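Everything on this sheet refers to the single structure shown next.
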Amino acid sequence: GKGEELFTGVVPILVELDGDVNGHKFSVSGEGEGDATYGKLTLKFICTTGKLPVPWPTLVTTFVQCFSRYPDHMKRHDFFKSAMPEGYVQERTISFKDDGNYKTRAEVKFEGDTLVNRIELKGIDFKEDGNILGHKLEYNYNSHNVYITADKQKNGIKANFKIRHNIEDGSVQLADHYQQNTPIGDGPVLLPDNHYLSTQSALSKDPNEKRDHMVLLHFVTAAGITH
Ligand code: NA
C-alpha cells in the first residue's frame with residue numbers, strides 16, 4: 001500500500017508536546033528516528049520550559065505506532081501505516097489508579113520526509129503527594145501488550161491496555177489506557193482484525209545533556225495472529 005511503503009527504511013521523527021497537569025504548564029520537544037522493518041525507534045526528549053512537572057515515564061506512551069513491525073502475514077491489519085502520509089488523530093484517556101488522569105490528543109502525519117507527532121496533553125485531579133506530582137516513579141519502563149480492535153463506524157481503531165509504572169518503594173502505579181484513532185485524510189485505510197502490539201522500552205540519560213530530558217529505545221511487534 002501507499003502508506004506502508006513510506007516506512008521501508010529509516011524515517012526521521014519529531015515529537016512536540018504542550019502539556020498542562022494540575023495547572024503546571026510545560027512543553028517538550030523530541031527527535032530521533034524509526035525503522036519499522038525492525039519495529040525500532042530511538043528518541044531523545046527535552047523539556048524546553050525548564051523542569052518537567054511530572055515523571056518522564058508517565059509520558060512515554062504519549063510521545064508513533066506506525067513504527068511497529070507488522071509481520072508480513074499481518075500487514076493487512078496495519079491501520080497506522082495505512083493512514084499515511086495524511087495521518088491520524090490519536091486520542092487517549094490515561095487513568096492513573098488512585099490518582100489523576102491525562103487526556104491527550106495528537107496528530108501523527110508526515111511533514112515532508114519526517115514523521116511528526118504533535119500532542120496536546122491535559123492532566124487533572126492529581127494528588128500533590130501522589131506518585132505523579134510527588135515524583136515517586138522509578139526511571140525505567142516495563143513491557144506491555146496493546147490490544148487493538150477496529151472501529152468501523154469511524155474508519156479507525158481503538159486500543160485498550162494497562163501500563164505498569166514501578167514506584168520507588170517497590171510497588172506499582174497502574175495507568176489504564178483507552179485509545180481511539182481516526183484518519184485525517186481520505187486515502188483508503190486498513191481496518192484490522194483483533195490483535196495486539198508487544199512493546200519493550202529502555203530509558204536512559206545522555207551524560208552530556210544538562211537540560212531535563214529522556215532518551216528512549218523502543219521496540220514493538222504486532223502479534224496475536226498465527227502463521
Ligand atoms: Na517493583
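This chain uses plain numbering: 1 for the first residue, then up along the sequence. Side chains included, hydrogens not; waters and symmetry mates left out as well; all remaining heavy atoms used.
Checked against the 6.0 Å centroid criterion, the rings of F7 and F110 qualify as a close aromatic pair. Centroid-to-centroid, the aromatic rings of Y102 and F96 come within less than 6.0 Å. Aromatic rings of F67 and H218 (six-membered ring for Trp) have centroids beyond the 6.0 Å cut-off, not under it.
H73 NE2 to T226 OG1: the interatomic distance, rounded to the nearest 0.5 Å, is 6.5 Å. Expressed to the nearest 0.5 Å, how far OG1 of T8 lies from NZ of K81 amounts to 10.5 Å. Atoms CG and CG, from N131 and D169 in turn, are 7.5 Å apart once rounded to the nearest 0.5 Å. Distance CZ/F80 to CG/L197: 5.5 Å, rounded to 0.5 Å. Rounded to the nearest 0.5 angstrom, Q90 CD and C66 SG are separated by 9.0 Å. In this structure, CZ in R105 is found 10.0 Å from CD in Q180, a value given to the nearest 0.5 Å.
Salt-bridge formation is not detected for the pair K136/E168: no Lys NZ or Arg NE/NH1/NH2 atom is positioned less than 4.0 Å from an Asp or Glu carboxylate oxygen. Contact check on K25 versus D20 returns a salt bridge, with a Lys/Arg side-chain nitrogen under 4.0 Å from an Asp/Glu carboxylate oxygen.
Between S198 and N145, the shortest heavy-atom distance links the atoms CA-ND2, 4.3 Å. The two residues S29 and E16 make their nearest non-hydrogen contact at OG-OE2, 2.9 Å. Between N117 and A106 the shortest heavy-atom distance is OD1-CB, 3.4 Å. The two atoms that bring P85 and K109 nearest to each other are O-CB, 3.7 Å, heavy atoms only. Considering every non-hydrogen atom in both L59 and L52, the closest pair reads CD1-CD2, 3.9 Å.
By the criterion of side-chain heavy atoms lying less than 4.5 angstrom apart, applied directly or through intervening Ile, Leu, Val, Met, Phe, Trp or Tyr residues, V108 is grouped together with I94 in one hydrophobic cluster. Note on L6 and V15: same hydrophobic cluster, where clusters join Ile, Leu, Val, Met, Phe, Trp and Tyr whose side-chain heavy atoms are under 4.5 Å apart, directly or indirectly. Under the 4.5 Å side-chain heavy-atom criterion for ILVMFWY residues, a single connected hydrophobic cluster contains both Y139 and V60. At a threshold of 4.5 Å between side-chain heavy atoms, the hydrophobic network of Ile, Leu, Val, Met, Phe, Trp and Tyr places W56 and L43 in one connected group. Residues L216 and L137 fall into different hydrophobic clusters, defined by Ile, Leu, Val, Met, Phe, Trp and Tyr side chains chained together at heavy-atom separations under 4.5 Å.
Side chains of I157 and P192 form a contact here, defined as non-hydrogen atoms less than 4.5 Å apart. A 4.5 Å side-chain heavy-atom check between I119 and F63 finds at least one atom pair inside the cut-off. In this structure the side chain of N140 never reaches within 4.5 angstrom of the side chain of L203, judged on heavy atoms. Put simply, the side chain of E33 does not reach to within 4.5 Å of the side chain of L115, judged on heavy atoms. Using a 4.5 Å heavy-atom threshold, the side chains of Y178 and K158 count as touching. For the pair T61 and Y141, the minimum side-chain heavy-atom distance is below 4.5 Å. Counting only heavy atoms from C-beta outward, the side chains of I184 and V89 approach each other to under 4.5 Å. Residues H144 and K162 form no side-chain contact, since every pair of their non-hydrogen atoms from C-beta on lies 4.5 Å or further apart.
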Q: Let me see the working for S27 and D18 under side chain to side chain donor-acceptor pair (under 3.5 Å), right down to the final yes or no.
A: CA-CA 5 Å; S27 301; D18 289 324; 2.7 Å; yes
Q. Is there a salt bridge (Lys or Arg N to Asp or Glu O under 4.0 Å) between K51 and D212 once you walk through the steps?
A. CA-CA 6 Å; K51 184 55 44 175; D212 198 5; 3.5 Å; yes
Q.
Set out, in order, the CA-CA distance, both residues' side-chain angles and the distance that settles ring-ring contact (aromatic ring centres under 6.0 Å, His included) for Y196 and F161, then state yes or no.
A. CA-CA 10 Å; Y196 64 98; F161 53 100; over 10 Å; no
(Q) If you apply the rule side chain to side chain contact (heavy atoms under 4.5 Å, CB included), what do you find for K40 with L217, and how did you get there? (A) CA-CA 8 Å; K40 181 181 184 167; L217 175 62; 4.1 Å; yes
Q: Give the C-alpha distance, both sets of side-chain angles, the deciding distance and a yes or no for side chain to side chain contact (heavy atoms under 4.5 Å, CB included) between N155 and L191.
A: CA-CA 7 Å; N155 279 305; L191 306 178; 3.5 Å; yes
Q) Checking side chain to side chain contact (heavy atoms under 4.5 Å, CB included) for the pair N142/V172: CA distance, chi angles, key distance, verdict? A) CA-CA 11 Å; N142 294 124; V172 55; 5.7 Å; no
Q. So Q65 and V220, side chain to side chain contact (heavy atoms under 4.5 Å, CB included) or not? Walk me through it.
A. CA-CA 8 Å; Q65 301 169 304; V220 180; over 6 Å; no
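Paired with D206 under the rule side-chain hydrogen bond (donor to acceptor under 3.5 Å, both in side chains), one option of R211, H213, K44 passes, and it is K44.
Under the 3.5 Å distance criterion, the side-chain polar atoms of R164 are matched with a main-chain donor or acceptor of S143. Under a 3.5 Å cut-off, the side chain of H24 and the backbone N or O of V21 do form a donor-acceptor pair. Listed for the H195 side chain is a donor-acceptor partner under 3.5 Å among the backbone atoms of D193.
Side-chain contact, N101 with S95: no donor N or O sits under 3.5 Å from an acceptor N or O. Side-chain contact, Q173 with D99: no donor N or O sits under 3.5 Å from an acceptor N or O.
Applying the 6.0 Å contact sphere to NZ of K205 captures more than 12 heavy atoms from other residues, nucleotides or ligands. Environment of CD in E138: crowded, with over 12 heavy atoms of neighbouring residues, nucleotides or ligands closer than 6.0 Å. Within 6.0 Å of the NZ atom in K97, the count of heavy atoms belonging to other residues, nucleotides or ligands does not exceed 12.
Qualifying ring-ring contact (aromatic ring centres under 6.0 Å, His included) partners for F219, counting only residues two or more places apart in sequence or in other chains: none.
Classified by interplanar angle (parallel below 30°, tilted 30° to 60°, perpendicular above 60°), the ring pair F79/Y88 is tilted.
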